[PDB]
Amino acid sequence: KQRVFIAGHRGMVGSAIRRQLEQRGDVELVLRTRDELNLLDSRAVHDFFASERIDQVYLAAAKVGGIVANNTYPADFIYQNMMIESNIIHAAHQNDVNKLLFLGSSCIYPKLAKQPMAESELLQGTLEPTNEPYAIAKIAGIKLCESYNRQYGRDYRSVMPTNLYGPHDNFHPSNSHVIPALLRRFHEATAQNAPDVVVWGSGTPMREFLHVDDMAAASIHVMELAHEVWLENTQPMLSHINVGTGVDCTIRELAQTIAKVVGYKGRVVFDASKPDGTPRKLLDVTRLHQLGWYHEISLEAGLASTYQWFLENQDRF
């Protein structure tokens, strides 16, 4: 029976992985809250790995946030993520944990990357200013993995998710992420019976979204693949695997679908006097598909269930 440590098990991604691993007895979960184990503390992390007998590690702990947070607390974002990654990865190795899965992000790719973005797009150009510090920390996390794999013969794998959504996401009004922000706005516009909801931009840009449960499934799939199969589909210095749907849709389609899911009867209006972001942004998931994994949750279905979750948990936001 495999003893698995899921760092940051309370977070959106961490909890989703936990929900799926709890549903099987061939695995025993070792979990620690931030109050029980501060991941920024090197000594505490080594002590923990030394006392417990960990077989696998899902590194889902991170200092995450929206556009405002990333530009407001850049030092906290680069520093904390760098320490958490370093502490866990090095402690794991020091205590003979050979298997580890690092969760990156798609913000890591160059701002002007070629679409769809293949894994080799990594470090091919300048990063988006807003995400720069966070992105550098994450890229460092991947390189730490590859370096321990190369030097010590470890099996530290990494997955790069596209935009995620689902339960436990940040539905607070401060969150800039489009899905939870729109679910909230349309929910309230529906409740207050507002004639219209104005969204900035033309609605023409295309984005990719993946439900968090699909994310967790792909993660566990990649974690559990045969080492030989993984080595065969990756390179020692280009080892990360993109995780997404490979399907993009316009913001207009997204807003319109959310309106329907929520039961909003007003008008969805796009104010084109405001600028759009990049025209298109999606991952090339060829590598993942060849590894035999395909997503199961469609946008409409995922938005419906997530809204359902938001309804039962709204007295938290």
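From 1 onward, residues are counted along the sequence shown.
Looking at 216-224 and 142-150 together, the entry lists the larger mean B-factor for 216-224, computed on C-alpha atoms.
Between 3-11 and 307-315, the higher mean Cα B-factor belongs to 307-315. The top Cα temperature factor in the record, among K114, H240, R185, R207, falls on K114. As recorded in the PDB entry, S176 shows the highest C-alpha B-factor of the residues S86, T190, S176, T72. Sort the chain's modelled residues by C-alpha temperature factor and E253 lands in the lowest third, per the entry. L127 sits in the middle third of its chain by CA B factor, as recorded in the PDB entry.
For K260, the recorded CA B-factor ranks within the lowest third of the chain. Only modelled residues enter the ranking. For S105, the recorded CA B-factor ranks within the highest third of the chain. Only modelled residues enter the ranking. Remark: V27 belongs to the highest third of its chain, ranked by C-alpha B-factor as recorded.
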